[PDB]
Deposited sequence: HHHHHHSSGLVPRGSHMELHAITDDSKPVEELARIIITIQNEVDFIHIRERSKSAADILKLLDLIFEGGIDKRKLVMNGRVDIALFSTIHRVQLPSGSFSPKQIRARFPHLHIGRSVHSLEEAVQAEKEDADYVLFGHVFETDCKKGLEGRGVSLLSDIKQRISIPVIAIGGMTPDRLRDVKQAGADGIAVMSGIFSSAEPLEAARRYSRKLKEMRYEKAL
């Protein structure tokens, strides 16, 4: 079984983004809130809209803003490269599930040592010096926490990623840039099932 993570695209007004989030929630396993260029005031407004729209809070992951996760009762955070260590986070907030975004074998190895719960590895298909799919396989062999692949994920590339050993994939533009995000998300989950 392979997880599907949806990643918001830091491009839409909160009302539109909120609608899309509510619509796709049963087609994906996790939704990462990654609105880098919005203020905390705007992100809290977004969260208020999806909470009152009935979103299942267990599926939400806050990228980067540990403070917003803490004051919104969101229990999963994704930490970018160069930001807080998982050790600092876990020392004071042991209830948090913690992901690390990593871009090399050695950074993946170090994340497991600092007690991350899982890693996001990419950018897999960006033209990492072409080493994306091979490294994915090397990382999976070397660590024992889950590995989620990100960067250029499309339905036609999922077999390669699956064969390399990924425990799931992460998708941004493939869903949130679609004219029909629900259908877009469905293409991914259908392909994932058909590979079974």
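A.B. asks: Comparing the deposited sequence against the modelled residues, what ranges come up empty for C-alpha?
C.D. replies: Counting from residue 1, the stretches without coordinates are 1-15, 143-147, 217-221.
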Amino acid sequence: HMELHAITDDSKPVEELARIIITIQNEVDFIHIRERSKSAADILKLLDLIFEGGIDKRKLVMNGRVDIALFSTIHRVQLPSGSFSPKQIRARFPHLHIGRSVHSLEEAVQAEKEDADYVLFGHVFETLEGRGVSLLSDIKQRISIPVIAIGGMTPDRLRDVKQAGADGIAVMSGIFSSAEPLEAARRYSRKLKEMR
From here on, numbers count along this sequence of modelled residues.
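A.B. asks: Would you mind comparing 131-139 and 61-69 for me and telling me which has the higher average C-alpha temperature factor in the entry?
C.D. replies: Result of the comparison: 131-139.
A.B. asks: If you take the mean CA temperature factor per stretch, which one wins between 35-43 and 158-166?
C.D. replies: Result: 158-166.
A.B. asks: Select one of 103, 100, 87, 97: the residue whose C-alpha shows the highest B-factor in the crystal structure entry.
C.D. replies: Among 103, 100, 87, 97, the highest C-alpha B-factor in the entry belongs to 87.
A.B. asks: State the tercile, meaning the lowest, middle or highest third, of residue 10 with respect to the CA B-factors recorded for its chain.
C.D. replies: For residue 10, whose C-alpha B-factor we compare with every modelled residue in the chain, the answer is the lowest third.
A.B. asks: Which third, lowest, middle or highest, does the C-alpha temperature factor of residue 175 belong to within its own chain?
C.D. replies: Ranked within chain, residue 175 CA B lands in the lowest tercile.
A.B. asks: Could you tell me which third, lowest, middle or highest, the C-alpha B-factor of residue 110 occupies within its chain?
C.D. replies: Residue 110: CA B-factor falls in the highest third of its chain.
A.B. asks: In terms of the CA temperature factor given in the entry, to which third of its chain does residue 125 belong: lowest, middle or highest?
C.D. replies: As the PDB entry reports it, the C-alpha B-factor of residue 125 lands in the highest third of its chain.
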